[PDB]
Each structure stands twice: as structure tokens, then as C-alpha cells.
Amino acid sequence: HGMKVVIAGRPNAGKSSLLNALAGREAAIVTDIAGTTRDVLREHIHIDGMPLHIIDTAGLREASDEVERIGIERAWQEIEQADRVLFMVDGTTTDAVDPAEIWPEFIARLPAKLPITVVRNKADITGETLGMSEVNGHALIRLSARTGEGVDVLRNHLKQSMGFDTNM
């Protein structure tokens, strides 16, 4: 059961690290090498009983080999079918918070009704204030997938935003 949250963004942003933080398990390989993840990885999790599918994808860039090209094509296929996208941003590589200043082509390609949460990762390095805010109507979260600081704010956000109804 549960809605689909897709984690997407540039290589090395910390997407698999976030998947692992959310799954509470080393589900995905994490290294400092861009293009570590190629296959789509999915974890089914629960937050206070609410089921949720978390989907980790290949970092989006010009592909360095055929496998990574296919992983990126599949990433877009998952984004297109997502219920929400977590746009993961390496906070050390940009100071911009509005995703139109970060990567407008990414934002523009997203399906019309698809909600996006901007996740500024690596707050442990940048020293940004942890937690939730808003920018141009998008949820904005600052956290560290590596240390786990601020990931509870994301969990609460997913709890509050990814709900659905059901019966027998």
C-alpha cells in the first residue's frame, strides 16, 4: 500500500544516503563516485503505521556509460509516475533555495500536478539551519542524510503530505 515518493536530483546529492536513512537499513550502495546508483531501488516503509513507497533513482546527468543512460531514462519514468518528488540538492554546490534558480529544466519537465519537496542535503557541512520552510509555494527541507539530523522533519512532512483513504 501507500503513495510513491521518488527521490531525484544530480549525482552525488545524497539520494541513496537519504533512502537508507528513511529505510533505516543499508538498502542502497553509497559512495562518493557519481553514477553509483543505476537501477531503480525501492523500499517500502512505514511512518507511524502509514505505508509509503520510497524510490531512489540514478543521478541525472549526461551519462558516462550505457547502463547509467538507461538508469537515467528509468529515473524519469519513475518521476513521471510519482505521487511526490523529493528534489535532492547538494547544499554545498549551490546557495540557491528556489528550485527555478537551482535547475529550472528539471522543474519544468515535471508533470503538471506533481508536488515537489526541495531537500537541501549536507547541512552538516554547510551549517544551515535544519528544518522545514517554504519557497515559492514548494516545501523546503534542510537536513543531513549522513548524520540523520533533520530527517525526522522529513518523516513528519511525508506523514502529513502522503496520506490516502482505504476500507475493507
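The first residue of the sequence shown is number 1, and the count goes up from there.
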Residue range whose averaged C-alpha B-factor is higher in the record, 119-127 or 29-37 | 119-127
Avg C-alpha B-factor, entry values, 59-67 vs 38-46, higher side is 38-46
Maximum C-alpha temperature factor, selected from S144, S17, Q160, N12 = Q160
So where's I72 on the chain's Cα temperature factor ranking, which third?
-> lowest
On the chain's distribution of Cα B-factors, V97 falls within the third called highest
